[PDB]
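Trainee: Got a sequence here, can you build the structure:
(chains A, B, C, D, E, F and G, ligands or ions: 38)
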Amino acid sequence: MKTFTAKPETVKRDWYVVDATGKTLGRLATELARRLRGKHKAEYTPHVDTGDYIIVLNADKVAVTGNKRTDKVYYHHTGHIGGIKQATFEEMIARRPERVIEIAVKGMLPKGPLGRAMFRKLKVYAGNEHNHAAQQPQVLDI
Amino acid sequence: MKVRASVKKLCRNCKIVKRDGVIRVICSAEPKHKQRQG
Amino acid sequence: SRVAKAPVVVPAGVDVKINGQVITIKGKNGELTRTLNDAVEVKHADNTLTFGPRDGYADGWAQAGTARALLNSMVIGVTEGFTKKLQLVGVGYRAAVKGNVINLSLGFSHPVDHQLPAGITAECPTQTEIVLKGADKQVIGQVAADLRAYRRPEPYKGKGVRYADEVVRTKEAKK
Amino acid sequence: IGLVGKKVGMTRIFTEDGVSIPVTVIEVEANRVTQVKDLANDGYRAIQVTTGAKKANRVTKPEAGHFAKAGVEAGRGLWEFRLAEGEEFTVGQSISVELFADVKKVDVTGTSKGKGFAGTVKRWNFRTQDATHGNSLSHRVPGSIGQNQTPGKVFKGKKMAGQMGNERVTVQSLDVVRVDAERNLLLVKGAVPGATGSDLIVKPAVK
RNA sequence: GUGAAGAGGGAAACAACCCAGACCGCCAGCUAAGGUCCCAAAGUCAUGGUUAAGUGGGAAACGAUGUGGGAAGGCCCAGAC
RNA sequence: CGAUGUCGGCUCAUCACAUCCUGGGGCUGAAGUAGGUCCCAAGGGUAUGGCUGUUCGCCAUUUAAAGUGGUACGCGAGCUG
RNA sequence: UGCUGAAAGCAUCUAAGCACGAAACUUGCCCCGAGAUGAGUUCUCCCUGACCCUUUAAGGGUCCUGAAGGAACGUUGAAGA
Ligand SMILES: [Mg+2]
Ligand SMILES: [Mg+2]
Ligand SMILES: [Mg+2]
Ligand SMILES: [Mg+2]
Ligand SMILES: [Mg+2]
Ligand SMILES: [Mg+2]
Ligand SMILES: [Mg+2]
Ligand SMILES: [Mg+2]
Ligand SMILES: [Mg+2]
Ligand SMILES: [Mg+2]
Ligand SMILES: [Mg+2]
Ligand SMILES: [Mg+2]
Ligand SMILES: [Mg+2]
Ligand SMILES: [Mg+2]
Ligand SMILES: [Mg+2]
Ligand SMILES: [Mg+2]
Ligand SMILES: [Mg+2]
Ligand SMILES: [Mg+2]
Ligand SMILES: [Mg+2]
Ligand SMILES: [Mg+2]
Ligand SMILES: [Mg+2]
Ligand SMILES: [Mg+2]
Ligand SMILES: [Mg+2]
Ligand SMILES: [Mg+2]
Ligand SMILES: [Mg+2]
Ligand SMILES: [Mg+2]
Ligand SMILES: [Mg+2]
Ligand SMILES: [Mg+2]
Ligand SMILES: [Mg+2]
Ligand SMILES: [Mg+2]
Ligand SMILES: [Mg+2]
Ligand SMILES: [Mg+2]
Ligand SMILES: [Mg+2]
Ligand SMILES: [Mg+2]
Ligand SMILES: [Mg+2]
Ligand SMILES: [Mg+2]
Ligand SMILES: [Mg+2]
Ligand SMILES: [Zn+2]
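Mentor: Numbers count the residues shown, from 1 in each chain, chains lettered A, B, ... in the order given. Ligands and ions are numbered 1, 2, ... in the order given. Okay, here it is:
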């Protein structure tokens, strides 16, 4: 007997809110990636996103230990010849403070179509006020 | 400042100290004596 | 540790309020404030602020020594006030004060007019001398280092904004 | 904020010194304001201007309803200028030409004259090879556009043949020579972009 | 000895290095090399340390009051630095 | 080797830092000017001619300087030969 | 380069804290730019009819309607293969 395979028409999704005013970036992002792939759900399948929508309010006070707030650097290539742009942690915070959590979970998540779908279910905010209160999201200690 | 790769005290007034992760010799009297392990 | 062991004797006329990990101190020469480190316990032992580390840390005794020396400098500032002296040896190198700017004149074709911060006052009795009073030792050493940095004293003639508390050495202009 | 002129032609201005100034004659009609945008409504502080007069049987019903609700006469286009803090423009106002009664330098932005499918020698100022001395079918061609096998790709932004011009370009800090409040003229010095009949955004200078 | 004439698992990828010898089927279990935060199956497992360098995750002569451990010491409660 | 065309010139270049200028400094057997040497720094800039096939060179004359290297000793499905 | 400052009663630009510092990096100036699938924002204009069916669905077919606008054609352009 072919065991259970969760059909994407009948699987249901919840809504979670994560506080991030001092969580460590790597551990927080790993737990976001775990709930986003859906591995807290017993109807789990690889080829079907059984994930859960996660709203990370206050995504700029994510605290990083070590000397990483002045030493951890981020690289992205433009596409031209000399274009290797590079910004530290505090400078990436000062430019666009949600890109840090988005790059972290975009590193941890799978790659390709389903990985980009699981990332599409992750929307983060640099403040304390979201606009998805019509969804009834529940808080989650993560 | 001579940027040696082996700093070494050359009198009694010289003091070996550690700024920023490098070693330095700072002297009170002779500015030739001032060194830095780099 | 060793400086952190013998605590400071705060006299009368100088209030202190332990605002958790902040300390404020008030008096006749103005008030000061210092955010202490989060590994350092201070206490008010009714005429004396005693010191120790909060444990859970191994950076205890260095930080407690810094906290003791900072409160000592704060008490000395609020009850007496420091008074530094700079001077201008050279050819016509002349200063003046105008309330809170020090209109220097140091051979610079643009005029060097340094704007002094809040808790600092100055007086230039001799027109090659500056004497300035203050409460916060760090910022008055800062302003004195700024004025000495405007014209560092050379090793050939001793000109420039020479410290009156630190003499220098001058190389002979040989040949 | 700026004005939206139409570049008529270039001519001289003589002074009593005897100097000759290349003067461009930007006519500037009364620029109508159609819609003023603020933070709570829209997202920035900026106004919308229009000039001229289009045919009634050529302005479509969205544009005509936009202008008629805006409360001005049916113009000929739309442009949008940011508001430096200290300007509160009314939606019925009509920005005249006397805005430049105090400035000395303006920055003029317009569509440059499109010169076709211009090659490399005309476009990016390359050079040529020889016209004799053996040279065969290669008098004005680009030449080597890369290296051998590493990269193994023409690097992005390589200078090549394409369409020169017909693009918005901006000249910075041309001196205003005259402001004619009667003929509705702004007389600048130099070489502004665009041909006769081009539409030029004239702003007060930055540098 | 292995490849050649040998598949599989590991070392990201990587004939010869580590475990291992594929007769065929099974949506059964135990395990070796290697591993158990996430990509990626399994310990954000327990006990006690060490590191502050991203060392771990390329490296020498030589230099250094980095820091932890041991043992010997030579001045010192008649006053040591 | 059932083929990847091999020196130099032209035309395009792009990268590295072990920097030639410009920027910032520390020391000087640095009075000033001109310097010497060392540390950070690659954003831009970096010569015309005589002779040779030349790269290289020597030379004449400028320049703020006439960088050192890679890129199949870059570049012949682009060009002499 | 410093100011204050302890582990190290002194000293100390540093471990706590703060200030200064380059043509380098982020900006400021110019240009592209919502295919930015994360496809955004604001303004304006237009469509306000009937039934018929079975598997009832974000379903299909019929009669009337054809708006805003676009496209086509023509005269063309200091726009252009
Ligand atoms: Mg430093
Ligand atoms: Mg070295
Ligand atoms: Mg044309
Ligand atoms: Mg030529
Ligand atoms: Mg031929
Ligand atoms: Mg020909
Ligand atoms: Mg080729
Ligand atoms: Mg490739
Ligand atoms: Mg094998
Ligand atoms: Mg294998
Ligand atoms: Mg390997
Ligand atoms: Mg493998
Ligand atoms: Mg067998
Ligand atoms: Mg095992
Ligand atoms: Mg994979
Ligand atoms: Mg797992
Ligand atoms: Mg554990
Ligand atoms: Mg080593
Ligand atoms: Mg003694
Ligand atoms: Mg061959
Ligand atoms: Mg072949
Ligand atoms: Mg360098
Ligand atoms: Mg020097
Ligand atoms: Mg380069
Ligand atoms: Mg660069
Ligand atoms: Mg080369
Ligand atoms: Mg070679
Ligand atoms: Mg070659
Ligand atoms: Mg050879
Ligand atoms: Mg060739
Ligand atoms: Mg070729
Ligand atoms: Mg021949
Ligand atoms: Mg000091
Ligand atoms: Mg001290
Ligand atoms: Mg600063
Ligand atoms: Mg410049
Ligand atoms: Mg810059
Ligand atoms: Zn010395």
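Trainee: Does residue D:30 touch residue D:93 like I think?
Mentor: No - with contacts defined as CB atoms under 8 Å, residue D:30 does not count as touching residue D:93, sitting 9.7 Å away. For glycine as for every other residue, the C-beta is placed from the backbone atoms N, C-alpha and C.
Trainee: how about the residues of chain C near chain D?
Mentor: Contacts of chain C with chain D, taken as CB under 8 Å from any CB of the partner chain, are absent.
Trainee: And the helices in chain C, which stretches?
Mentor: For chain C, applying DSSP state H gives helices covering C:2-5, C:61-79, C:137-150.
Trainee: Then chain A?
Mentor: Going by DSSP H, chain A shows helices at A:25-37, A:68-71, A:89-95, A:99-108, A:113-120.
Trainee: looking at those, which is buried most?
Mentor: helix A:25-37 (a mean of 20; mean count of other CB atoms under 10 Å in any protein chain shown).
Trainee: So which elements touch that one?
Mentor: strand A:15-19, strand A:53-57, helix A:99-108, helix A:113-120 (3 or more CB pairs under 8 Å, 6 or more residues apart in numbering or on different chains; DSSP states H and E).
Trainee: residues near residue C:43, how many?
Mentor: For residue C:43, the tally of surrounding residues (other CB atoms under 10 Å in any protein chain shown) stands at 12.
Trainee: is it true that residue A:37 touches residue A:108?
Mentor: No - under the criterion of CB under 8 Å, residue A:37 makes no contact with residue A:108, lying 9.3 Å away.
Trainee: ok, which residues in chain C are in contact with RNA strand G?
Mentor: Residues of chain C lying near RNA strand G by CB under 7 Å from any atom of the strand: C:1-4, C:37, C:59, C:61-66, C:69-70, C:73, C:137-142, C:144-146, C:149.
Trainee: Filter those residues down to the buried ones.
Mentor: Those of these that meet the buried threshold are C:4, C:37, C:61, C:63, C:64, C:65, C:66, C:70, C:73, C:137, C:140, C:144, by 16 or more other CB atoms under 10 Å in any protein chain shown.
Trainee: Now compare the residues you listed and name the two farthest from each other.
Mentor: For those, with distances taken as CB to CB, the pair at the greatest spread is C:61 and C:144 (30.5 Å).
Trainee: What are the boundaries of the strands in chain B?
Mentor: B:15-19, B:22-26, B:35-36 (DSSP state E).
Trainee: For chain A, what lies in contact range of RNA strand E?
Mentor: So chain A meets RNA strand E at A:1-3, A:26-27, A:30-31, A:33-34, A:37, A:39, A:46, A:66-68, A:71-72, A:108-111 (CB under 7 Å from any atom of the strand).
Trainee: Kindly report the same for chain B.
Mentor: B:5, B:6, B:7, B:8, B:9, B:16, B:18, B:21, B:23, B:37.
Trainee: and which of those residues is nearest to RNA strand E?
Mentor: RNA strand E has its nearest neighbour among those in residue B:6, at 3.5 Å by CB to the nearest atom of the strand.
Trainee: tell me the contacts of that closest one?
Mentor: Listed by CB atoms under 8 Å, 6 or more residues apart in numbering or on different chains, the contact set of residue B:6 reads residue B:37.
Trainee: Isn't residue D:187 up against residue D:23?
Mentor: Yes - in this structure residue D:187 lies within contact range of residue D:23 using CB under 8 Å: 4.9 Å.
Trainee: hey, what's in contact with both of these two?
Mentor: Joint contacts of residue D:187 and residue D:23 (CB under 8 Å, 6+ apart) are D:13, D:177, D:178.
Trainee: Of those residues, which is the nearest to ligand 38?
Mentor: Taking CB to the ion as the measure, ligand 38 lies nearest residue D:177 of the shared contacts of residue D:187 and residue D:23, at 68.4 Å.
Trainee: would that closest one count as being in a helix?
Mentor: No - counting by DSSP: H, G, I helix; E, B strand; the rest coil, residue D:177 is not found in a helix; it is strand.
Trainee: Now do the residue nearest to it when sequence neighbours are not counted against chain A, distance only.
Mentor: If the residues on either side of it in the chain are set aside, residue D:177 comes closest to residue D:187, at 4.5 Å by CB to CB, 6 or more residues apart in numbering or on different chains. Here residue D:187 is placed at a distance of 42 Å from chain A (CB to the nearest CB, to the nearest Å).
Trainee: repeat for residue D:39
Mentor: 17 Å.
Trainee: quick one on the thing from earlier: let me know the closest of the residues of chain B next to RNA strand E to chain D.
Mentor: Closest to chain D out of those is residue B:5 (35.6 Å), distances taken as CB to the nearest CB.
Trainee: Give the closest residue to the closest one in space, chain neighbours not counted.
Mentor: residue B:37 (6.3 Å).
Trainee: Count residues in the vicinity of that neighbour, would you?
Mentor: Neighbours of residue B:37 under the rule other CB under 10 Å: 16.
Trainee: residues contacting it?
Mentor: Residue B:37 sits in contact with B:4, B:5, B:6, B:7, B:22, B:23, B:24, where contact means CB under 8 Å, 6+ apart.
Trainee: Going by neighbour count, which of those residues comes out on top?
Mentor: residue B:7 (19 neighbours).
Trainee: residue contacts, that one?
Mentor: Residues counted as contacts of residue B:7 (CB under 8 Å, 6+ apart) are B:16, B:23, B:24, B:25, B:35, B:36, B:37.
Trainee: Show the backbone phi and psi for the last one.
Mentor: Geometry field for residue B:37 lists phi and psi as phi -80, psi 100, criterion degrees, to the nearest 10.
Trainee: how deep is the closest residue to chain A within chain D tucked in, by neighbour count?
Mentor: At 4.3 Å from chain A, residue D:155 is the closest residue in chain D, using CB to the nearest CB. Using other CB under 10 Å, residue D:155 has 12 neighbouring residues.
Trainee: what does residue D:30 give?
Mentor: Other residues close to residue D:30 by other CB under 10 Å number 14.
Trainee: how about it, what does it touch?
Mentor: Per CB under 8 Å, 6+ apart, neighbours of residue D:30: D:51, D:94, D:95, D:96, D:97, D:184.
Trainee: And the helices in chain D?
Mentor: Under DSSP H, chain D gives helices at D:61-70, D:120-123.
Trainee: and the last one, anywhere near RNA strand G?
Mentor: Spelled out, it's helix D:120-123. No - judged by CB under 7 Å from any atom of the strand, helix D:120-123 makes no contact with RNA strand G; its nearest approach is 11.4 Å.
Trainee: List the buried residues of that helix.
Mentor: D:120, D:123.
Trainee: re earlier: now the residues of chain B next to RNA strand E in CSV, with distance to residue D:104?
Mentor: Formatted as CSV, those follow (distance: CB to CB, whole Å):
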residue, distance to residue D:104
B:5, 59
B:6, 63
B:7, 60
B:8, 64
B:9, 65
B:16, 61
B:18, 57
B:21, 54
B:23, 58
B:37, 57
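Trainee: what two of these have the greatest distance between them?
Mentor: B:9 and B:21 (19.8 Å).
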